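Quick mapping for you: the protein sequence lines, in order, are chains A and B. Following UniProt numbering, the residues of the first sequence are numbered contiguously, the last one being 194. Following UniProt numbering, the residues of the second sequence are numbered contiguously, the last one being 506. Idealized CB from N, CA, C, for every residue including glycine.
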Amino acid sequence: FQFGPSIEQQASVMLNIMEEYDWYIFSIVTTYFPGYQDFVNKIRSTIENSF
Amino acid sequence: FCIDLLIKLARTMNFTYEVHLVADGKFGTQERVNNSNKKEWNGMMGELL
Numbered sequence: 144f145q146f147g148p149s150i151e152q153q154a155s156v157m158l159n160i161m162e163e164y165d166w167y168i169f170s171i172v173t174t175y176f177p178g179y180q181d182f183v184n185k186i187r188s189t190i191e192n193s194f
Numbered sequence: 458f459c460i461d462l463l464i465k466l467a468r469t470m471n472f473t474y475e476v477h478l479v480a481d482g483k484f485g486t487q488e489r490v491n492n493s494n495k496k497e498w499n500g501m502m503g504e505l506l
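Below you can see the structure in the form of structure tokens.
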């Protein structure tokens, strides 16, 4: 076990700081680093589940 | 209305049927739930799939 953030919950904090300062305009830039599947999927999921 | 039409559909298309009410009581919508981090259908739509 590790004292480390997850890729998903790091993306969750990214949207939290966007919400407080009202940054709703998005742009995802990723590479072939083996975590790009999980990073954008978590971000895409939260977009569709809020007013 | 729909049971009378179903009896007609079964007779012409020659199949037998077992009718059961939907357990959820709902017609069916896509719900994330987020327990599995994936959307799933509820209601009659979920039962069919």
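Nearest CB-CB separation between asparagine 192/A and chain B: below the 8 Å threshold. Counting only residues of its own chain and dropping the five nearest sequence neighbours on each side, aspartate 481/B has a CB closer than 7 Å to the CB of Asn499, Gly500. The CB of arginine 489/B comes closer than 7 Å to the CB of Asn192 in chain A, given here in chain order. For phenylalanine 182/A and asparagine 491/B, the gap between their C-alpha atoms comes out near 16 Å.
As for any alpha helix (DSSP H) of minimum length 4 sitting wholly inside the stretch 466-499 of chain B, there is none.
Secondary structure remark: continuous alpha helix (DSSP H) runs of at least 4 residues inside the stretch 153-191 of chain A, in chain order: 179-190.
Contact between the stretch 464-479 of chain B and the stretch 155-166 of chain A is absent: fewer than three C-beta pairs spanning the two stretches fall below 8 Å.
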